[PDB]
Amino acid sequence: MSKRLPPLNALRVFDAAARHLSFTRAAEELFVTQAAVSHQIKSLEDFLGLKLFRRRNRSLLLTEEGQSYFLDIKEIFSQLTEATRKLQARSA
DNA sequence: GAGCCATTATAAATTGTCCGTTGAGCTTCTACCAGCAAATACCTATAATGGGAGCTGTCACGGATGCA
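Residues numbered from 1 in each chain as written, not as in the entry; some residues may be left out. Chains lettered and ligands numbered in written order. Part of a larger assembly, values for the part shown. Heavy atoms only, no water. Residues with missing side-chain atoms left out of burial classes, pairs and counts.

cryo-EM is the method the PDB entry states for this structure, with the resolution given as 3.97 Å.

Here it is as structure tokens:
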């Protein structure tokens, strides 16, 4: 069974969506456009089947459907960036 | 009312493709001395001096053939 992992892009914008509280401001930190955020939520939804946020006026709140899947994203990028540091540091 | 999340299109990116090289290691093909097996030559000095070798066991016409 081929292990269909989540896309390499939807995960990082998902962490900055909660911190920045705004989707437009979530794109300036990742030097991308705001339209790229909505492109990747659907592809990752194929595995989840749960909606990631609940709409609020001029605000972004947390829903339990996507909340379970927040807790298994923020540690992936932490260690891989650490991983980049280790080879780079030992190379020097 | 204006900000911000679903839609639509495209090409830049992006990752898995067709083509080649190569040191090395494994599987053939060849040959050639060793060496033993095999093959081939040569010599033997008491004396020895003419077989048939089993016939063939018989039909029996014709047409020549060669003599006398």
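Back to the write-up after that little detour.
### Overview of the UniProt feature "DNA-binding region" in chain A
Mapped onto the present numbering, the UniProt feature "DNA-binding region" falls on residues 23–42. For residues 23–42, the helix share is 70%, the strand share is 0%, and the end-to-end C-alpha distance is 15 Å. (UniProt positions renumbered as here; feature names shortened; annotations may be inferred. Helix = DSSP H or I, 4+ residues; strand = E, 2+ residues; numbered from the N terminus.)

### Some words on the pattern of salt bridges
Per the counting criterion, the structure on display carries three salt bridges. For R12, the salt bridge is made with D15, and the minimal N-O distance between the two is 2.8 Å. With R12 and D15 both in helix 1 (residues 10–20) and three residues apart, the pair spans about one turn of that helix. Overall, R12 belongs to the partly exposed group, its relative accessible area being 27%. (Salt bridge = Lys/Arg side-chain N within 4 Å of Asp/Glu carboxyl O. Buried < 20%, exposed > 50% of the residue type's maximum accessible area, 1.4 Å probe, protein only.)

### Thoughts on the UniProt feature "domain: HTH lysR-type" in chain A
Cross-referencing UniProt, the feature "domain: HTH lysR-type" maps to residues 6–63 in the present numbering. The annotated region residues 6–63 carries 53% helix and 14% strand content, and the separation between its end C-alpha atoms amounts to 20 Å.

### Quick notes on the packing of aromatic side chains
With the rule as written, the count across this model stands at four aromatic pairs. Taking the centre distance of 4.0 Å and the plane angle of 15° together, the rings of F14 and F70 count as stacked. Of this pair, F14 sits in helix 1 while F70 sits in helix 4 (residues 64–70), and the two are 56 residues apart along the sequence. A ring pair is formed by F23 and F53, whose centres lie 5.4 Å apart and whose planes are at 85°; its orientation type is edge-to-face. With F23 in helix 2 (residues 23–28) and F53 in strand 1 (residues 53–56), this pair connects stretches of sequence that are 30 residues apart. By relative accessible area, which is 33% here, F23 ends up partly exposed. Residue classification places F53 among the buried residues on the basis of a relative accessible area of 10%. Members of the aromatic cluster, connected to one another through ring pairs, are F14, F23, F53 and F70. (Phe/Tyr/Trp six-rings, centres within 6.5 Å; stacked < 30°, edge-to-face > 60°.)

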